[PDB]
Each structure stands twice: as structure tokens, then as C-alpha cells.
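Enquirer: Quick one: the structure is below, and I'll ask about it shortly.
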Amino acid sequence: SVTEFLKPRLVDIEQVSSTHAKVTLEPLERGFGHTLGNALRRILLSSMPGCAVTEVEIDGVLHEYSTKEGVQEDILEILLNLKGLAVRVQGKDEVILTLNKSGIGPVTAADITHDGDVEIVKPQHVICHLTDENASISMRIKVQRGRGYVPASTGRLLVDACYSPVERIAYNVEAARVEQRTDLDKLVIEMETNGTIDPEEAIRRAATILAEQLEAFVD
Amino acid sequence: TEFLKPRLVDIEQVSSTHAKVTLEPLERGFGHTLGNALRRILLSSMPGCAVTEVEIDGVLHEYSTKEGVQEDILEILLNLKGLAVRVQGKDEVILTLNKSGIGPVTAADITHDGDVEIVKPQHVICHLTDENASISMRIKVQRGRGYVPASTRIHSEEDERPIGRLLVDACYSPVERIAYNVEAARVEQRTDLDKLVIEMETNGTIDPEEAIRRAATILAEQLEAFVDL
Amino acid sequence: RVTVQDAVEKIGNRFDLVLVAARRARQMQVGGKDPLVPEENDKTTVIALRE
Amino acid sequence: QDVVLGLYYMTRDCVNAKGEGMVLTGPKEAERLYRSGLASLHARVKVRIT
Amino acid sequence: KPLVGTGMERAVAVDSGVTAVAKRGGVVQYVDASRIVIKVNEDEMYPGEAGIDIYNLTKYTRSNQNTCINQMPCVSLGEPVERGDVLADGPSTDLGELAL
Amino acid sequence: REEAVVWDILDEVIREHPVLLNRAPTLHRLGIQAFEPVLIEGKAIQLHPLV
Amino acid sequence: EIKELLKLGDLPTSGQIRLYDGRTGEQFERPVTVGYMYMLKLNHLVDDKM
Amino acid sequence: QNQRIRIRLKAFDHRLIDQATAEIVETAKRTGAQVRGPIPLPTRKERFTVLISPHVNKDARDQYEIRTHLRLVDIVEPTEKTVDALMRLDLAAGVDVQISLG
């Protein structure tokens, strides 16, 4: 007993989407449902590494303040919508991609100059809509490697970086029981993620990050 | 990817009971994440060592009284519940105690051993108050973890204990409060390296140089289920 | 499911819904009938409702 | 009463706050912004909504 | 003890008669949480008497409402006491203050 | 004897058997209501806050 | 005079203290009152009624 | 520097002599002694053969044995805390202790 605390097994992957899953553990010792649920939360939401769009250069603009015509939604929205694009960068710190399109209709991330060195993991992401017989737009999009979520605090247009792929993570603890006690915790972790990584593996990455800290103490 | 990993660079046993320990350096957030995880683990899950039964020579139940002693037998049990000791490689031990003559009775009166070590000799069990007075008793100690109330314990023993034993509630967990704090420190000519300080108050049976590693171990093995998925 | 939401539309007489739910449950309990729906080791009253 | 106290507190606007005035693509990153402590809960913002 | 009170506890606990109160002044001769016994001083003794006031305390006993009522000493051997000092706490008292 | 099986049986008996809770006095119909029970270690009846 | 006593202790005279939640170590927003109330167990204890 | 002090532990069952050995060596370790042992000194196996019938029939006989096991445990280094501890602490009754001083 004295050093053989109860260990969970995954009760389910409980998967409802490729984007979101409800990985549940049972039993955990009393109170550990927070001690791990939140600990992995704080890892997952803020300290997972990854790659994201970081800066934009649409043709001839000094500030997204300038609502250049030919596009339906103004540049403040194109700027955030380009933050919406999930991307994978292989082996590099920062990479610039180019995008252009022409003709009346939408623009999509599928229209980017796909290097193959970089994967746009969701091509069908609409970027904007075009609004004249002569409508075409061309831009450089910078993608960068980094960690967590970094706000707009630091012709280029700066934007917040979404390096962590976790769109949301949440967790609960709840009653679970065995044949003789009900003071034990279940843990439900729910998370939703941008498609760069599947969640039942993102958590295995995160559990590793946390495990690596302990490696200098564990006997 | 640039993660600096911690080492437990320093410790200060400020008292025979209280100590500080520091883990350094840490990245963003990990000062908080470990800072709270280890506090919550240290409070729940450090193993320790408690009195668990007491047999006193002439008493019959908790509510009685002994001639020539200043406490109801009950307040003797409330006193022994707080007594704390190390035991060396044992799941339990029995301590004999004897005293006679007027004055206090204190843990220093227990029949000492090499394999038991008491954190505070002056913790007081009762007073004797008559010239011929005595008490003799057999305090049984057990190892364990968390807290186990005697009412559930005897319901877990399932044989019928003899008349004239007393039972006490078990409170093994040896740490009474834990605090954590995070701050920046000089390493590599750079900022946002957290020196985590954890500082702790204990019953005196354990030293942080074990305790923080044991807590980290518990965490590290509980966490296996999330990488083994 | 925890309540009769669709069966309330089925049986607009409303009290008739208790009387038919009990009728169907009597087919199961006393008539020896068993339901078609894919259970996973659960108590059957929420299935009696569905009719 | 406590539920409504919480919802009142959650939905006020405080004219000074941490992270005030930025523009977000949805509630989920609103929550990431709150939970990481980057924006105060009653801070003013613009969001895309659906 | 309540940490914040009104100073009426020093009266309710004594006048309610449930703390055992020293009938005459003297010195504590013996104590054992069942008996307390006082060597009364000759300035308040009656001349033919032994001069010794025992107080056999009531120990664990049912109240009319089934709560227990064990009196406990507050004195120490050889301690002086004066007429009307609390010798022994009642239920719900300590050092003679009310303490619910 | 309260043997180790009985709870796994109980948590099958009860698994969805509504139980009726009412205070007293019970002025109006909303003063008796039914709830599905879930088991508890303590001795109090855990009621829902809004109700 | 309460403030004066709290100043004689080394205590905060606002009476309030910042607290943290032991489920996460997050700080609570604004301090909260902390101090030593006196509380009575009443004779209506539950196993006498269940 | 008192000379080496040795202890003889004699028992009927070996497990109890081994528990006593463990106690003694843990004592002398925690009080810091150059513990030397535990030498297993030879089992004295006593035998007995008695008639079974309360009468004639000499050939039905039972033979029992008693096994007295010894542990000789030497402490060359006494630091007087060992002195106090050893003189203080007793054991169970299935083990009998005898101390040779030097």
C-alpha cells in the first residue's frame, strides 16, 4: 500500500470528432483529477510548441486601417482570418509563403504557393471574397515556429500568433467509486484542436513535456 | 523548442521542523504548474507514521480516568495522536512507556530504540500527580498515508479487538502546510527563468530532499497513464 | 433520453401516454416481449416510453 | 442568487483592463485569452461571432 | 474560549453552577481529574474540622439531552486558590469562561 | 452482512428508478417532485440548487 | 480601534487578504475577508434525523 | 575504545532469531557501529525417542528433535550510544540473548 497509489486506465477515447474528443480517466486518487487535469491544461493551452501565421504583407498597404476595394470584408478581417489558417512548418524557424488569386469569387488557402516543405493542413479555409470584374489580390504570408499564444503586443501587418494547436481545453472532476469507497475522482478532459495534430496524441505530447520536467527528480 | 529543465539546487532546514527548497531554473508557467502540483501532492500523498492503537494497563475505554493523573484518558489519546516518530524499515512497531513519581510525562520517557526516532522529546502525554502514581502503556505505531479514522479501521479489521484497548484516529500525512513562490533569477544572461521556491512545515519526520523527489515520483508515475494511452 | 419528449407528440391525449407506456411495458413485463433498440445493459423504463 | 452574481460579474465592462481593445476570431480563443491570464474577463473586445 | 465575547462569559459560566467553585480559600492538596482536594487555610477554617475540602467531580454522565458533561480540573498541585475561583471547568467552559 | 456485491446490485436496481422528494408543508404541485437518485457516501440528501 | 489592533499585530488593516485557489494556485480577483469567527455545532446533527 | 563486544542469540525457530538479528544490526547501524556478523553458529539438533504405546510393543516409537540456532553478532566499535540502546532494548521470548563484553 504505502507506495502503490491507484492508477487509472483510459475508460474511453469517447471520440465525437477528429477535431474534438473527451478522453476520460478512472479512477484517480482523491483530488488528483485536478492535479493532473489542470496541470495538463496549463501545459496544453499555453506551452505546447507549434507553428503559426505571424505577419502579413498584402499588396500595397501600411495599416489594415486602409479598406482597399475589390474585397468584400475589410483588411481587419482578412488579417484575423489569416490568423485562422492552421499550418505545419518542417524544420524551420520562419518561412514566408506567397498567395495570389484572380476572378470574381472567393479566395481560399488552397490558392497559396504550396512549397511542399510546408503543409497547409486545411486548404479549404476561405480567405476572402472578390468583388469586381478585375478582382485579384496577391500577398506574402509569414509563418513562424514558436510556442503558446502570443498577443499583438510585440508594409508589414503584425498579428497575434496561435502557435499552440489547442483551440480549447477544459476538464472536470467527478465522483467515481469502487466496491467500498466513493471519494475517488474521475477525470474528464475535453479538448478541441485546429487539425495540425490529433488530440489523443497532442495530450501524449503534452504529457511528455510535463514528464520531462520530472526526469531530473524521479528516482 | 528551448525548454530548460530544473535541478533542485538548494535547501534550507530553517528549523528541526520547517524547511525551504528551491527548484531552478524553469520556463514560462512551469513555476506555477509544478508550484501547485507539488503542493497539492505533498499535502495529499506523502507517507508518514502515526500512532494507531494504545493499550494502557488499567483502563477499559476512552472515557475513563486514572488515579493520580491530570488528564482524562481521552485527553491522553488526543495527546498521543499528535506524537510523531520515524521508523526504520518497518510497517509498524510497538512502543512501551513507563513513568512513576510526580511530574510531567513526556515522549522522552518512551523506551527508545535505534529503529525509532522521535522528532520532539518534549511532547507531553500527561501529568502524574501522586507520589505512588504510575502509568504503563503499549503504544502501537503504523506506517501509512493520508488519514484513516478508527471507526472505519475497526470496520476494516473484521476481528473483534480485546477489551481494554483504546483506538486512536490515524493522521499519517507529515506536512502541515506548504507554500510555493516564483521569481526570476540570474542564468545565461536572460530573463523569465523562474526560481521556484517551495517552503514547508512538517511534523518533523521527513526531510525535503526526499519529500520533493517522492512527490515528483508519484506525479511521474500517475502521469504514465497519459503517455501510455 | 430522460423524458417523453417525442411521445408527447405521438399521444396528444397526454394521459393516454402513461396508459400506452404502461401497456407496452406490460407487453415486456408480463407478455414476455423484448425490445428491438440496442441497449448496453440498462434498465428498460426509458425504452418503454418510446413506443 | 450566486448564479446571477457570477453572471453579472462575468458580463460587466470595466473601462480599463488588461488586454483591452483587441480583435478575436471566436469564443474559444476568448477563453484561451482569459484562462492564460492574458485578458481580463470584463475587458472590452471585438469578436467575430456566429 | 470565544476569542470575541462580551465579558458576560465570566459570569454565566460561574453562576450556572456547573463549574466547580472553591467554597473556601486554600491550596490545592491533590488533583487527579476525578477529585480535587483543597487544604483550606486556617483564616477560613472552622476550628474542629480536619480542614480539607474535597470536590468529587462529575465525570462522563448523560445530560438530560444526552450530551456528556465531564468536569475537568483547571488547577495544578500546590497552586493557591481563593474563595470563588473556578477549580474545575464544566462542559462548554474553559478557565471558567463560557465556551460553546 | 452488507457484502461487497450488494452495491453493484444496488447501482443496478436504482439505475433509473425515480424517487419522489417533497418538503412539508407542500403548498403547491411543484412541492412534490421526482428525481433520479444517484448514490452518496454521506447521510444528507443532496438536492439540486435551482430546485 | 479594530484597525489599531490590527496594526499592532503585523496584519493588514483592511482586514481582507488575497487568497489563491488550491485547485490551481490561481489568484482570486480582489482580496476576501479572512478571520476567526466563532461557530457552534447545534444539536440538530444529522444521524440523529436520517 | 572498548574491545569488540559480541552477542549470542539462541532460538528454537530460525525466523525469530533472524528478526532479532535484523533488529540488532539495524540498531548498531543507526547508532553507527562497525557491525560484524551475523555468524551462523551451528544448530544444536537434540533428539529424543520415546515409546508410543502405554504398554508393550516396543517397536512403535516416536523421535522428535529440537533445533537451537545461534547468531553471533560482533560490534568492534562501541560508541556508548550502542551501549545504552543495547542494554535498553529487549525482544520476543523465542530468542535468548547473552553478551560477551570484550
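The way I read the labels, and the way they are meant: chains A, B, ... in the order of the C-alpha cells, residue 1 as the first residue of every chain, and ligand 1 as the first ligand shown, with later ones counted on from there.
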With only C-alpha atoms as the counted atoms, please give the residues lying no more than 9 Å from region 10-26 of chain G, apart from itself and same-chain residues fewer than 3 positions off, as a list in words.

Expert: residues 31, 34, 35, 38 and 39 of chain A; 32, 33, 35, 36, 37, 39 and 40 of chain B; 2, 3, 4, 5, 6, 7, 29, 30, 31, 32, 33, 34 and 35 of chain G

Enquirer: Considering only C-alpha atoms, return as a PyMOL selection string whatever protein or nucleic-acid residues lie within 8 Å of residue 32 (chain E), sequence-local ones (same chain, fewer than 2 positions apart) excluded.

Expert: (chain B and resi 66-71+129) or (chain E and resi 30+34-36+73)

Enquirer: What does the file look like for those residues with N, CA and C atoms, as a PDB file, in the first residue's frame?

Expert:
```
ATOM      1  N   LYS B  66      -7.690   7.740  35.286  1.00  0.00           N
ATOM      2  CA  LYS B  66      -6.678   7.008  36.034  1.00  0.00           C
ATOM      3  C   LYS B  66      -6.304   7.772  37.280  1.00  0.00           C
ATOM      4  N   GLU B  67      -6.283   7.090  38.402  1.00  0.00           N
ATOM      5  CA  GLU B  67      -5.959   7.736  39.657  1.00  0.00           C
ATOM      6  C   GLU B  67      -4.573   8.344  39.652  1.00  0.00           C
ATOM      7  N   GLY B  68      -4.491   9.593  40.069  1.00  0.00           N
ATOM      8  CA  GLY B  68      -3.239  10.301  40.063  1.00  0.00           C
ATOM      9  C   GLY B  68      -2.759  10.760  38.712  1.00  0.00           C
ATOM     10  N   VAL B  69      -3.617  10.961  37.755  1.00  0.00           N
ATOM     11  CA  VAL B  69      -3.146  11.577  36.537  1.00  0.00           C
ATOM     12  C   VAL B  69      -4.024  12.755  36.160  1.00  0.00           C
ATOM     13  N   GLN B  70      -3.401  13.770  35.607  1.00  0.00           N
ATOM     14  CA  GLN B  70      -4.032  15.047  35.396  1.00  0.00           C
ATOM     15  C   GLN B  70      -5.016  15.025  34.250  1.00  0.00           C
ATOM     16  N   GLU B  71      -4.981  14.037  33.372  1.00  0.00           N
ATOM     17  CA  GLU B  71      -5.867  14.034  32.222  1.00  0.00           C
ATOM     18  C   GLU B  71      -6.836  12.879  32.263  1.00  0.00           C
ATOM     19  N   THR B 129       0.606  13.049  39.371  1.00  0.00           N
ATOM     20  CA  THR B 129       0.291  13.963  40.456  1.00  0.00           C
ATOM     21  C   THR B 129       0.165  13.270  41.797  1.00  0.00           C
TER      22      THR B 129
ATOM     23  N   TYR E  30      -4.252  17.912  46.245  1.00  0.00           N
ATOM     24  CA  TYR E  30      -4.137  16.801  45.314  1.00  0.00           C
ATOM     25  C   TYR E  30      -5.062  17.056  44.136  1.00  0.00           C
ATOM     26  N   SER E  34     -10.419  13.276  38.736  1.00  0.00           N
ATOM     27  CA  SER E  34     -11.662  12.890  39.385  1.00  0.00           C
ATOM     28  C   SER E  34     -11.934  13.625  40.672  1.00  0.00           C
ATOM     29  N   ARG E  35     -10.941  13.764  41.519  1.00  0.00           N
ATOM     30  CA  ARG E  35     -11.024  14.528  42.737  1.00  0.00           C
ATOM     31  C   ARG E  35     -10.196  15.752  42.571  1.00  0.00           C
ATOM     32  N   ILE E  36     -10.585  16.815  43.223  1.00  0.00           N
ATOM     33  CA  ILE E  36      -9.688  17.903  43.538  1.00  0.00           C
ATOM     34  C   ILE E  36      -9.806  18.150  44.993  1.00  0.00           C
ATOM     35  N   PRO E  73     -10.254  19.451  35.734  1.00  0.00           N
ATOM     36  CA  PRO E  73      -9.538  20.432  36.521  1.00  0.00           C
ATOM     37  C   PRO E  73      -9.000  21.574  35.705  1.00  0.00           C
TER      38      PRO E  73
END
```

Enquirer: Quick check, in Å to one decimal: how far apart do CA of residue 63 (chain B) and CA of residue 154 (chain B) lie?

Expert: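 Computing the Euclidean distance for CA of residue 63 (chain B) and CA of residue 154 (chain B) yields 18.3 Å.
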
Enquirer: Hey, what does DSSP flag as alpha helix (DSSP H) within chain H? Can you give it to me as a compact mmCIF listing (two decimals) with N, CA, C and O atoms, in the first residue's frame?

Expert:
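This is the output file selection_17.txt:
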```txt
# COMPACT_ATOMS: atom_id res chain seq x y z
N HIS H 14 14.21 -20.52 13.54
CA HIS H 14 15.25 -19.69 12.96
C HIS H 14 14.73 -18.32 12.54
O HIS H 14 15.47 -17.33 12.63
N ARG H 15 13.48 -18.23 12.08
CA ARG H 15 12.97 -16.94 11.63
C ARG H 15 12.99 -15.90 12.73
O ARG H 15 13.28 -14.72 12.48
N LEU H 16 12.70 -16.30 13.97
CA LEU H 16 12.66 -15.33 15.05
C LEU H 16 14.07 -14.87 15.42
O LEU H 16 14.28 -13.70 15.73
N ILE H 17 15.04 -15.79 15.36
CA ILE H 17 16.42 -15.38 15.55
C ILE H 17 16.83 -14.42 14.45
O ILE H 17 17.63 -13.51 14.68
N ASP H 18 16.28 -14.58 13.25
CA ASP H 18 16.64 -13.68 12.16
C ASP H 18 16.01 -12.31 12.34
O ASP H 18 16.62 -11.29 12.02
N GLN H 19 14.78 -12.26 12.86
CA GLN H 19 14.19 -10.97 13.20
C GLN H 19 14.99 -10.27 14.29
O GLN H 19 15.19 -9.05 14.24
N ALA H 20 15.46 -11.03 15.28
CA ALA H 20 16.29 -10.43 16.32
C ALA H 20 17.60 -9.93 15.74
O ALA H 20 18.08 -8.85 16.10
N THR H 21 18.20 -10.70 14.84
CA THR H 21 19.40 -10.26 14.14
C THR H 21 19.15 -8.95 13.41
O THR H 21 19.96 -8.02 13.50
N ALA H 22 18.06 -8.88 12.65
CA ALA H 22 17.73 -7.66 11.92
C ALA H 22 17.61 -6.48 12.87
O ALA H 22 18.16 -5.40 12.61
N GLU H 23 16.89 -6.66 13.97
CA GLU H 23 16.78 -5.60 14.97
C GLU H 23 18.15 -5.15 15.44
O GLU H 23 18.45 -3.95 15.48
N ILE H 24 19.01 -6.10 15.80
CA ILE H 24 20.30 -5.74 16.38
C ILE H 24 21.16 -4.99 15.38
O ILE H 24 21.79 -3.98 15.71
N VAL H 25 21.21 -5.48 14.14
CA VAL H 25 22.09 -4.85 13.16
C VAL H 25 21.55 -3.49 12.75
O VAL H 25 22.32 -2.56 12.52
N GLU H 26 20.22 -3.34 12.68
CA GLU H 26 19.65 -2.03 12.41
C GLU H 26 19.97 -1.07 13.54
O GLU H 26 20.31 0.10 13.29
N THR H 27 19.89 -1.54 14.78
CA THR H 27 20.28 -0.73 15.92
C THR H 27 21.72 -0.25 15.78
O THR H 27 21.99 0.95 15.78
N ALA H 28 22.64 -1.20 15.65
CA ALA H 28 24.06 -0.85 15.63
C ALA H 28 24.45 -0.08 14.38
O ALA H 28 25.50 0.57 14.37
N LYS H 29 23.64 -0.12 13.33
CA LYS H 29 23.89 0.71 12.16
C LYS H 29 23.41 2.14 12.40
O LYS H 29 24.16 3.10 12.18
N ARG H 30 22.17 2.30 12.86
CA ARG H 30 21.65 3.63 13.11
C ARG H 30 22.41 4.35 14.21
O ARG H 30 22.44 5.58 14.24
N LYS H 81 26.41 5.01 22.79
CA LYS H 81 25.01 5.05 22.40
C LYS H 81 24.54 3.65 22.08
O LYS H 81 23.42 3.26 22.44
N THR H 82 25.39 2.87 21.41
CA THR H 82 25.15 1.45 21.28
C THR H 82 25.03 0.79 22.64
O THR H 82 24.18 -0.08 22.84
N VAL H 83 25.88 1.18 23.59
CA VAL H 83 25.81 0.62 24.94
C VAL H 83 24.41 0.83 25.52
O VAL H 83 23.73 -0.13 25.92
N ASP H 84 23.98 2.09 25.59
CA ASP H 84 22.66 2.40 26.11
C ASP H 84 21.57 1.64 25.36
O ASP H 84 20.74 0.96 25.98
N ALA H 85 21.56 1.74 24.03
CA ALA H 85 20.49 1.14 23.24
C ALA H 85 20.41 -0.36 23.47
O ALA H 85 19.33 -0.90 23.74
N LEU H 86 21.55 -1.05 23.36
CA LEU H 86 21.56 -2.50 23.52
C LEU H 86 21.09 -2.90 24.91
O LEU H 86 20.23 -3.77 25.06
N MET H 87 21.65 -2.27 25.95
CA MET H 87 21.21 -2.60 27.30
C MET H 87 19.75 -2.26 27.51
O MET H 87 19.11 -2.82 28.41
N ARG H 88 19.18 -1.38 26.68
CA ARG H 88 17.80 -0.98 26.87
C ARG H 88 16.84 -1.96 26.21
O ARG H 88 15.90 -2.45 26.85
```

Enquirer: Using only C-alpha atoms, which residues sit within 7 Å of region 17-23 of chain B once same-chain residues fewer than 6 positions away are excluded, as a list in words?

Expert: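 Counting only C-alpha atoms, the residues come to residues 6, 7, 8, 9, 10, 11, 195, 196, 197, 198, 199, 200, 201, 202, 203 and 204 of chain B.
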
Enquirer: Just N, CA, C and O atoms for this one: save the residues we selected as a PDB file, in the first residue's frame.

Expert:
```pdb
ATOM      1  N   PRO B   6      14.700  21.753 -14.727  1.00  0.00           N
ATOM      2  CA  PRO B   6      15.111  22.134 -13.372  1.00  0.00           C
ATOM      3  C   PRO B   6      16.119  21.203 -12.730  1.00  0.00           C
ATOM      4  O   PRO B   6      16.193  20.024 -13.048  1.00  0.00           O
ATOM      5  N   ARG B   7      16.854  21.744 -11.750  1.00  0.00           N
ATOM      6  CA  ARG B   7      17.565  20.948 -10.751  1.00  0.00           C
ATOM      7  C   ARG B   7      17.247  21.483  -9.363  1.00  0.00           C
ATOM      8  O   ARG B   7      17.054  22.682  -9.189  1.00  0.00           O
ATOM      9  N   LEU B   8      17.286  20.632  -8.350  1.00  0.00           N
ATOM     10  CA  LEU B   8      16.890  21.115  -7.033  1.00  0.00           C
ATOM     11  C   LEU B   8      18.053  21.721  -6.270  1.00  0.00           C
ATOM     12  O   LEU B   8      18.579  21.164  -5.320  1.00  0.00           O
ATOM     13  N   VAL B   9      18.428  22.916  -6.701  1.00  0.00           N
ATOM     14  CA  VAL B   9      19.728  23.457  -6.327  1.00  0.00           C
ATOM     15  C   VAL B   9      19.884  23.670  -4.829  1.00  0.00           C
ATOM     16  O   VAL B   9      20.986  23.513  -4.298  1.00  0.00           O
ATOM     17  N   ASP B  10      18.830  24.031  -4.109  1.00  0.00           N
ATOM     18  CA  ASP B  10      19.156  24.401  -2.747  1.00  0.00           C
ATOM     19  C   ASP B  10      18.035  24.127  -1.757  1.00  0.00           C
ATOM     20  O   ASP B  10      16.862  24.042  -2.116  1.00  0.00           O
ATOM     21  N   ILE B  11      18.436  23.991  -0.488  1.00  0.00           N
ATOM     22  CA  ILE B  11      17.577  23.614   0.630  1.00  0.00           C
ATOM     23  C   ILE B  11      18.061  24.364   1.867  1.00  0.00           C
ATOM     24  O   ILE B  11      19.251  24.639   2.024  1.00  0.00           O
ATOM     25  N   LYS B 195      13.065  30.789 -10.578  1.00  0.00           N
ATOM     26  CA  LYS B 195      13.433  30.077  -9.356  1.00  0.00           C
ATOM     27  C   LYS B 195      12.182  29.756  -8.563  1.00  0.00           C
ATOM     28  O   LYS B 195      11.716  30.570  -7.773  1.00  0.00           O
ATOM     29  N   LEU B 196      11.688  28.544  -8.674  1.00  0.00           N
ATOM     30  CA  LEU B 196      10.607  28.129  -7.799  1.00  0.00           C
ATOM     31  C   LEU B 196      11.154  27.928  -6.411  1.00  0.00           C
ATOM     32  O   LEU B 196      12.149  27.230  -6.237  1.00  0.00           O
ATOM     33  N   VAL B 197      10.518  28.529  -5.422  1.00  0.00           N
ATOM     34  CA  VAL B 197      10.759  28.208  -4.029  1.00  0.00           C
ATOM     35  C   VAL B 197       9.549  27.467  -3.537  1.00  0.00           C
ATOM     36  O   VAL B 197       8.433  27.919  -3.751  1.00  0.00           O
ATOM     37  N   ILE B 198       9.758  26.340  -2.885  1.00  0.00           N
ATOM     38  CA  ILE B 198       8.725  25.666  -2.123  1.00  0.00           C
ATOM     39  C   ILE B 198       9.198  25.652  -0.699  1.00  0.00           C
ATOM     40  O   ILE B 198      10.355  25.342  -0.444  1.00  0.00           O
ATOM     41  N   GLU B 199       8.339  25.980   0.224  1.00  0.00           N
ATOM     42  CA  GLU B 199       8.790  26.018   1.591  1.00  0.00           C
ATOM     43  C   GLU B 199       7.700  25.416   2.445  1.00  0.00           C
ATOM     44  O   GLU B 199       6.524  25.544   2.121  1.00  0.00           O
ATOM     45  N   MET B 200       8.079  24.736   3.519  1.00  0.00           N
ATOM     46  CA  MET B 200       7.186  23.748   4.082  1.00  0.00           C
ATOM     47  C   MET B 200       7.316  23.661   5.579  1.00  0.00           C
ATOM     48  O   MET B 200       8.393  23.875   6.140  1.00  0.00           O
ATOM     49  N   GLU B 201       6.198  23.320   6.210  1.00  0.00           N
ATOM     50  CA  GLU B 201       6.121  22.984   7.619  1.00  0.00           C
ATOM     51  C   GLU B 201       5.692  21.547   7.822  1.00  0.00           C
ATOM     52  O   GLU B 201       4.766  21.079   7.168  1.00  0.00           O
ATOM     53  N   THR B 202       6.346  20.846   8.734  1.00  0.00           N
ATOM     54  CA  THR B 202       6.157  19.414   8.826  1.00  0.00           C
ATOM     55  C   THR B 202       6.070  18.995  10.272  1.00  0.00           C
ATOM     56  O   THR B 202       6.431  19.734  11.177  1.00  0.00           O
ATOM     57  N   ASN B 203       5.604  17.777  10.477  1.00  0.00           N
ATOM     58  CA  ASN B 203       5.683  17.152  11.779  1.00  0.00           C
ATOM     59  C   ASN B 203       7.086  16.782  12.198  1.00  0.00           C
ATOM     60  O   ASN B 203       7.280  16.431  13.354  1.00  0.00           O
ATOM     61  N   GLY B 204       8.064  16.914  11.327  1.00  0.00           N
ATOM     62  CA  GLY B 204       9.441  16.601  11.638  1.00  0.00           C
ATOM     63  C   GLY B 204       9.949  15.224  11.313  1.00  0.00           C
ATOM     64  O   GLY B 204      11.096  14.933  11.634  1.00  0.00           O
TER      65      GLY B 204
END
```

Enquirer: May I have the residues within 12 Å of residue 50 (chain E) as a ChimeraX atom specification, using only C-alpha atoms and disregarding those fewer than 3 positions away in the same chain?

Expert: /E:38-42,45-47,53-54

Enquirer: Select, from E:66, E:56, E:76, E:29, the residue with the minimum atom-to-atom distance to chain G, counting only C-alpha atoms.

Expert: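 For chain G, the nearest of the given residues is E:66.
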